[PDB]
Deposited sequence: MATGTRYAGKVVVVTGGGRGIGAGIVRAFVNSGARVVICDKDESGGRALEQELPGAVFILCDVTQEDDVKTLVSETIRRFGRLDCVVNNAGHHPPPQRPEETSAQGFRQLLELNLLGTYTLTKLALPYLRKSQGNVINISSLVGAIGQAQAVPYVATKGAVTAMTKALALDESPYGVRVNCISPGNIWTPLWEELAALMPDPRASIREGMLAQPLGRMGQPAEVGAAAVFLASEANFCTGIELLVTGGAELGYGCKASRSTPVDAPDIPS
């Protein structure tokens, strides 16, 4: 009952972190709209979870997003929280292997889709004194190798979260982000499968955390439910869900 009577939209909620967030909010008592560009996972999740429904929506298509918001209000009568989770990490790319156009396309998903849904949702979030939760990444803060466009998009999301928090504070609408580190998801598994030694790639990812394991979608979901339901004095924060990967010295490569 922590978030009972509330209505939540989760983008990219059909699998991975997004599905973990969907499950966490349903378990808290909320009704959840699962937005995803792929039907497979999200439609099955709707059948599985009574408090969840699936709406096909590509967050890069402004008309898809307009319909997502108007259908949410038409079907459920209010909107309390938007979780902007949809996003993609390309395979490793050296800087000279990137393109401006590929950079533009990744900005369209990771940044502008978050911007567009947030903009269309804010009039309703103001009425409900709701909140926005953006899923950024630890690598926006500390960088990552072979990922210049991806890192840039998440640096933008984290910064945008703080700007929006300032703008919406007089209306009682909080805007926060979660920065996960290595979370074991289908995207992580897909990316490891492209590596010469997938098992070695996965073990390296596990040992990047002092805790010695990757995180779970359910753990990101619990952080999201906290930010929505119990963090009434938090706005503009970056909640790290990383297992301590940012702590201490590690292998990143006597004084010349």
{"item": "Deposited residues without C-alpha coordinates, grouped into stretches that follow sequence order", "value": "1 to 4, 258 to 265, 269 to 270"}
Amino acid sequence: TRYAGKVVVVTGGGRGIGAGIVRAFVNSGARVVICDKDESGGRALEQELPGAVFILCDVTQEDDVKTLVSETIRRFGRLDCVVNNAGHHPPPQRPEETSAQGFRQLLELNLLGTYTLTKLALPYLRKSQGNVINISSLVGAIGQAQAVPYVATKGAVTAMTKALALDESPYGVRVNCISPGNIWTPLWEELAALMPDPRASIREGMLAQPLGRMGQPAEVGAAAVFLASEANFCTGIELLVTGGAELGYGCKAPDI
From here on, numbers count along this sequence of modelled residues.
{"query": "194 to 202 versus 29 to 37 - which carries the larger mean C-alpha B factor in the record", "finding": "194 to 202"}
{"query": "Which of 181 to 189 and 77 to 85 has higher mean CA B factor, as the PDB entry lists it", "finding": "181 to 189"}
{"query": "Candidate set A228, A222, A52, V65 [ranked by C-alpha B-factor, highest]", "finding": "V65"}
{"query": "Where the record places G155 (Cα B-factor, split into thirds across the chain)", "finding": "lowest"}
{"query": "Third of the chain, ranked by Cα B-factor, where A145 sits", "finding": "highest"}
{"query": "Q101 - Cα temperature factor, lowest/middle/highest third of chain", "finding": "highest"}
{"query": "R94 - Cα temperature factor, lowest/middle/highest third of chain", "finding": "highest"}
{"query": "Chain-relative CA temperature factor third for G212", "finding": "highest"}
